[PDB]
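Novice: Sharing a structure, written as structure tokens. Questions coming.
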Amino acid sequence: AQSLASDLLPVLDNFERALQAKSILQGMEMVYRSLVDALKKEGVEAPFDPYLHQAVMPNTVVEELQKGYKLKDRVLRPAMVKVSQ
Amino acid sequence: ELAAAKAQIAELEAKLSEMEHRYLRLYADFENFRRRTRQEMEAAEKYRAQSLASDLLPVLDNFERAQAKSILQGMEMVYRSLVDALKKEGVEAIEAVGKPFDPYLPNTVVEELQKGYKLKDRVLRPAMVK
Amino acid sequence: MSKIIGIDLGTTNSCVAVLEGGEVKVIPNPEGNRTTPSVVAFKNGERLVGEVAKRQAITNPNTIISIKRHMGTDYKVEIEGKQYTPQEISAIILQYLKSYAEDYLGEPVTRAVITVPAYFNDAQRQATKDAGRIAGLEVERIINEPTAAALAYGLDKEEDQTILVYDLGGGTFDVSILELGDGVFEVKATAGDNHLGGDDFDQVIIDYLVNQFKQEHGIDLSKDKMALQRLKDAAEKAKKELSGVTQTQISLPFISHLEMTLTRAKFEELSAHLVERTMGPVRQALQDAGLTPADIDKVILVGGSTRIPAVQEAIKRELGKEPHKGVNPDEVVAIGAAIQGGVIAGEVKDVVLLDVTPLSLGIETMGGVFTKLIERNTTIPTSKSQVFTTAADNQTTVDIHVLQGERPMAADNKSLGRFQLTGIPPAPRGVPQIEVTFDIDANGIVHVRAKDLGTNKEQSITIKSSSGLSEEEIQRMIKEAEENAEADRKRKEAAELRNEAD
Amino acid sequence: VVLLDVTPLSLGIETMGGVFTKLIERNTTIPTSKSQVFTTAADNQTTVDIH
Amino acid sequence: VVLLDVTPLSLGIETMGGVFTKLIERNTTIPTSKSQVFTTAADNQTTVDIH
Amino acid sequence: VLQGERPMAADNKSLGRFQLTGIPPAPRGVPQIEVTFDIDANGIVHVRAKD
Amino acid sequence: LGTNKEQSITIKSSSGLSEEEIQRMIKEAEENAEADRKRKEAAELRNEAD
């Protein structure tokens with residue numbers, strides 16, 4: 001099943017980076033929130049080592065560029081990060 | 001000894017037939033495995049994301065349901081690649097649209113409240129429908 | 001013993017493959033990747049290799065990137081704690097490839113074989129067998145990439161001939177013209193481009209894309225690398241689509257958002273320029289050999305990015321005919337390496353015939369209801385066995401009637417055998433056990449046994465023809481089962497379990 | 001003729017000493033039961049595997 | 001419960017050289033039947049005794 | 001278990017009763033069940049019932 | 001027996017292969033039946049010397 005969790009992580013990190021019309025972004029309690037727990041009931045959890053923070057461009061990892069999740073002891077699509085060199 | 005030479009010769013030719021046979025029955029069993037296995041993994045991956053799917057039917061219930069007009073244009077690749085990522089797998093929605101409208105799936109479908117979730121010859125969760 | 005394991009290194013294209021049984025196999029890596037690639041690193045006391053080494057590469061001192069350029073050279077890298085050579089670094093390429101082929105098979109491969117360039121000579125193509133054994137995995141020979149996939153497919157049934165390959169590297173192009181020595185391969189001509197390929201294709205997508213977005217909103221693209229990553233990926237998509245599909249679009253939106261309807265002939269007139277940067281290498285071969293485009297017996301499509309119709313619409317109107325696509329070109333070097341790998345240390349001449357079963361075979365239940373043991377399509381040298389029991393209490397004897405076909409019915413099927421068996425002990429129905437091994441040889445006369453257990457009294461039959469007849473006659477019936485499409489109404493005799501009286 | 005089912009392959013437990021010992025001979029029947037005993041491996045065993 | 005005739009003892013023949021072979025093992029059942037095969041007690045044995 | 005001379009249960013001494021379970025479900029009269037009575041020199045008697 | 005301790009499993013009939021795999025590994029038993037050699041470990045009753 002991790003297949004819907006990798007190929008769906010582009011749209012999921014797409015809504016994940018987007019967190020009068022001012023009150024219409026509150027309706028985001030559900031769509032890009034609910035998918036977290038509903039994609040965490042299959043067992044999905046989101047030292048950097050071995051490509052783990054995918055480095056656009058000491059020894060520690062800096063922040064998260066486009067994040068990613070282990071399927072619970074698997075990997076399908078990677079995660080963007082930046083290193084303090 | 002003399003024709004015991006011929007004797008073992010026999011023995012070995014015999015184990016030739018015997019051997020090749022021992023093989024072709026093998027080729028049989030080997031190649032045979034495939035039909036079975038192929039179909040076994042078929043049924044393996046038609047279902048079993050059903051949990052992912054009917055769990056995900058609430059968050060694509062507000063991404064199918066719920067100044068900032070540019071911020072609403074952005075939802076383009078979100079609910080574009082999230083009914084799109086329900087695709088290569090095959091859990092569709094319910095498409096009848098004003099028909100007989102199978103009640104487990106005058107008397108025409110007027111509207112539909114909950115957007116469909118169905119993966120490969122089964123029923124996940126129904127829509128509350130007009 | 002051990003099977004001789006393929007490993008190709010193509011500098012950003014690389015694989016270690018094998019052969020199990022009668023089907024050629026492309027291994028999986030430790031990464032989810034169908035293939036993990038050629039480049040690596042190090043750190044304190046601990047090595048890091050592959051797709052796991054390579055994104056710690058723009059983040060850490062140690063990354064080697066496409067070392068193909070230094071094989072067979074006096075090239076020496078200065079690196080932490082000891083300077084290093086192409087050999088010792090490649091020893092680890094294949095040390096990791098060793099642990100990985102091991103953590104796939106469990107039956108180790110010590111003996112192994114490599115995929116090199118057809119252009120190479122005594123210096124570097126020795127460097128292959130040498131560094132091949134540096135990691136610890138011995139080389140029983142070193143193929144060349146082109147003669148390799150040539151024999152992945154294989155040419156030796158066929159006659160004295162001529163050919164030209166297509167290598168598409170990862171951003172490199174090549175083609176090597178070859179001939180048959182009636183059992184011998186000698187690569188004749190060589191050509192291609194040092195940088196051209198798939199990534200470049202992706203960058204014409206990213207380029208006209210970014211340029212067009214500056215064409216609308218005036219706002220430039222390439223300053224931004226999650227955006228540009230978004231670009232590389234989505235544009236790769238549209239690419240391989242343009243290959244297969246007739247129409248496209250790209251949903252890249254919530255950009256900062258571009259939603260376009262991705263075109264094919266615009267991507268083609270986009271890409272129809274470097275397709276003649278190829279025709280150059282190609283015809284340069286046509287002269288290196290001397291024989292015109294009209295001199296060849298077969299020709300082929302290789303590489304990762306070769307899956308688009310661009311080059312193939314440049315060829316169908318170039319050399320007169322279509323390519324052999326009978327591969328999955330992306331990994332096509334790897335398996336090739338091992339083909340002879342198992343032609344040497346392993347199996348010899350192969351019929352692999354009567355690999356199929358005429359029909360589903362079963363026998364006479366409940367007055368003719370037909371149950372299968374043998375299905376159709378089944379490799380012939382086999383036999384399956386099943387044991388029924390008593391029709392009714394005190395069956396003093398049991399007759400056996402067997403069918404061939406699909407339709408679950410008696411004379412809706414072909415009567416095969418009828419023979420009976422007697423002496424059974426008297427006692428409650430269902431209890432006593434009678435076995436029938438359908439014993440199907442390879443050659444087509446089928447033996448079939450039924451014998452009590454508690455008796456050990458046994459009657460079996462040796463049939464004769466099983467067919468006696470032709471293809472159309474059978475398939476007309478294989479059609480016939482379908483054609484009937486529910487004569488299953490005999491679930492009517494399925495409720496004839498009325499037979500039970502209690 | 002008819003069905004039931006024979007348990008097409010005979011089952012057992014690794015016995016002690018590292019051998020196979022059938023508890024249910026091959027072609028038997030619709031569900032049945034067998035029971036047998038066996039005992040301590042070597043002096044004062046605390047624990048016993050069943051494979 | 002009711003009782004069924006058992007073959008209170010198990011029968012057979014002597015087998016050459018010489019030994020008791022079981023044919024219908026002991027607690028067997030009401031009527032039953034069983035069979036087996038062996039061969040000549042010697043090189044082209046004249047005749048075969050069944051005891 | 002009953003003790004008397006009389007051909008009907010009712011008319012005899014009921015010494016004791018017990019049951020046995022688990023026998024494979026399967027047709028009447030088919031399963032074997034072996035009850036043995038054993039009497040010691042005392043007049044005390046044990047009964048065992050064993051599938 | 002005497003301490004009445006009931007720990008036990010249930011097999012799911014899953015892993016065991018009955019398609020071919022049986023009608024194979026029996027004939028294995030026929031080819032290889034001299035596997036009676038087994039008695040070796042029977043003889044290994046040796047270490048039963050305690």
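Chain labels follow the order of the structure tokens: the first chain is A, the next B, and so on; residue numbering restarts at 1 in every chain, and ligands are counted from 1 in their shown order.
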Residues near residue 42 in chain E, anyone? I mean within 12 Å using only C-alpha atoms, not counting same-chain ones fewer than 5 positions away, as a ChimeraX atom specification.

Specialist: /E:16-17,47-48

Novice: Based on the selection just made, write C-alpha atoms of those residues as an mmCIF file, in the first residue's frame.

Specialist:
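Writing done, so here's part.cif:
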```cif
data_model
loop_
_atom_site.group_PDB
_atom_site.id
_atom_site.type_symbol
_atom_site.label_atom_id
_atom_site.label_comp_id
_atom_site.auth_asym_id
_atom_site.auth_seq_id
_atom_site.Cartn_x
_atom_site.Cartn_y
_atom_site.Cartn_z
ATOM 1 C CA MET E 16 9.964 -65.993 4.276
ATOM 2 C CA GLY E 17 12.963 -66.564 6.444
ATOM 3 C CA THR E 47 5.494 -73.847 -4.935
ATOM 4 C CA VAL E 48 4.323 -71.271 -2.353
#
```

Novice: Once chain E is fitted onto chain D by least squares over all its in-order Cα atoms, send the moved chain as a compact mmCIF listing (two decimals) with C-alpha atoms, in the first residue's frame.

Specialist:
```txt
# COMPACT_ATOMS: atom_id res chain seq x y z
CA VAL E 1 -18.43 -40.22 -6.43
CA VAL E 2 -17.55 -36.97 -4.59
CA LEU E 3 -14.29 -35.61 -3.16
CA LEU E 4 -13.32 -35.23 0.48
CA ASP E 5 -10.64 -32.95 1.87
CA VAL E 6 -7.51 -34.96 2.46
CA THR E 7 -4.71 -33.09 4.24
CA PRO E 8 -2.79 -33.25 1.02
CA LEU E 9 0.30 -33.47 3.17
CA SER E 10 1.08 -34.95 6.52
CA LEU E 11 2.15 -32.89 9.49
CA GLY E 12 3.93 -33.13 12.79
CA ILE E 13 6.80 -31.70 14.83
CA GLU E 14 10.55 -32.09 15.14
CA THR E 15 11.56 -34.63 17.85
CA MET E 16 14.69 -34.20 19.80
CA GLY E 17 18.09 -34.94 18.41
CA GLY E 18 16.61 -34.40 15.89
CA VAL E 19 14.01 -35.85 13.53
CA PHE E 20 10.56 -35.42 11.93
CA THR E 21 7.81 -37.22 13.75
CA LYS E 22 4.59 -37.87 11.93
CA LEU E 23 1.48 -36.83 13.82
CA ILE E 24 -1.34 -36.60 11.31
CA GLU E 25 -0.30 -38.96 8.57
CA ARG E 26 -0.77 -38.00 5.06
CA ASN E 27 -3.88 -38.73 3.23
CA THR E 28 -6.04 -38.66 6.25
CA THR E 29 -9.44 -37.14 6.02
CA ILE E 30 -11.66 -34.10 6.57
CA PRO E 31 -11.49 -32.76 10.00
CA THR E 32 -9.58 -35.08 12.24
CA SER E 33 -7.62 -34.87 15.40
CA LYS E 34 -4.67 -36.80 16.77
CA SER E 35 -2.38 -36.69 19.74
CA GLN E 36 0.79 -38.07 21.37
CA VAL E 37 3.25 -37.61 24.22
CA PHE E 38 7.01 -37.11 24.59
CA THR E 39 9.24 -35.73 27.30
CA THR E 40 11.96 -33.32 28.28
CA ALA E 41 14.66 -32.86 25.67
CA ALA E 42 17.21 -32.87 28.48
CA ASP E 43 17.86 -33.26 32.20
CA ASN E 44 15.17 -31.05 33.69
CA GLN E 45 14.86 -29.09 30.45
CA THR E 46 14.32 -25.41 31.05
CA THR E 47 11.66 -25.00 28.32
CA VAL E 48 10.21 -26.95 25.36
CA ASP E 49 10.18 -25.66 21.80
CA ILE E 50 7.60 -26.97 19.35
CA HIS E 51 8.52 -26.54 15.75
```

Novice: Sort by chain and increasing residue number a table of all residues of chain F within 10 Å of chain D, each with its closest pair of atoms and their distance in Å to one decimal, counting only C-alpha atoms, and write it as CSV.

Specialist:
```
residue,atom,partner,partner_atom,distance
F:22,CA,D:33,CA,8.2
F:23,CA,D:33,CA,7.5
F:24,CA,D:32,CA,4.9
F:25,CA,D:32,CA,7.5
F:26,CA,D:30,CA,8.3
```

Novice: Looking only at the backbone, which of the residues in chain G does DSSP tag as alpha helix (DSSP H), as a ChimeraX atom specification?

Specialist: /G:21-31,39-43

Novice: Counting only C-alpha atoms, which residues of chain B come no farther than 10 Å from chain G, as a ChimeraX atom specification?

Specialist: /B:25-26,28-30,32-33,36

Novice: Tell me the residues of chain B close to chain C, meaning within 12 Å using only C-alpha atoms, as a ChimeraX atom specification.

Specialist: /B:20-36,69-82,84

Novice: Excluding range 24-29 of chain C and its own-chain neighbours fewer than 5 positions away, which residues fall within 8 Å of it when counting only C-alpha atoms? Please give them as a CSV table (one decimal) with N, CA and C atoms, in the first residue's frame.

Specialist:
```
chain,number,residue,atom,x,y,z
C,15,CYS,N,23.8,-1.7,-13.2
C,15,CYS,CA,23.0,-2.8,-12.7
C,15,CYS,C,23.8,-4.1,-12.4
C,16,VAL,N,23.3,-4.8,-11.4
C,16,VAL,CA,23.8,-6.2,-11.2
C,16,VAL,C,22.6,-7.2,-11.3
C,17,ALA,N,22.6,-8.0,-12.4
C,17,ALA,CA,21.4,-8.9,-12.7
C,17,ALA,C,21.8,-10.4,-12.7
C,18,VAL,N,20.7,-11.3,-12.9
C,18,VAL,CA,20.9,-12.7,-12.9
C,18,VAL,C,19.9,-13.5,-13.7
C,19,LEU,N,20.1,-14.8,-13.8
C,19,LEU,CA,19.2,-15.7,-14.5
C,19,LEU,C,18.8,-16.9,-13.6
C,34,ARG,N,14.5,0.1,-8.7
C,34,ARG,CA,14.7,-1.1,-9.7
C,34,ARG,C,16.1,-1.2,-10.0
C,35,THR,N,16.8,0.0,-10.1
C,35,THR,CA,18.3,0.1,-10.1
C,35,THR,C,18.8,1.3,-9.3
C,36,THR,N,19.8,1.1,-8.5
C,36,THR,CA,20.5,2.1,-7.8
C,36,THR,C,21.8,2.3,-8.5
C,100,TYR,N,24.5,-6.6,-2.0
C,100,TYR,CA,23.2,-6.4,-2.5
C,100,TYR,C,22.6,-7.5,-3.3
C,101,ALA,N,23.4,-8.1,-4.1
C,101,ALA,CA,23.0,-9.3,-4.9
C,101,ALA,C,22.9,-10.5,-3.9
C,104,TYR,N,19.8,-10.1,-1.9
C,104,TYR,CA,18.7,-10.6,-2.7
C,104,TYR,C,18.6,-12.2,-2.8
C,331,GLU,N,17.5,-1.4,-18.3
C,331,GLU,CA,18.5,-2.2,-17.6
C,331,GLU,C,19.2,-3.2,-18.5
C,334,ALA,N,22.6,-5.4,-18.1
C,334,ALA,CA,22.8,-6.2,-16.9
C,334,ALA,C,22.6,-7.7,-17.2
C,335,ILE,N,21.4,-8.0,-17.6
C,335,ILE,CA,21.0,-9.4,-18.0
C,335,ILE,C,21.9,-9.9,-19.1
C,339,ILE,N,23.8,-13.6,-19.6
C,339,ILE,CA,23.3,-14.6,-20.6
C,339,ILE,C,24.3,-15.7,-20.8
```
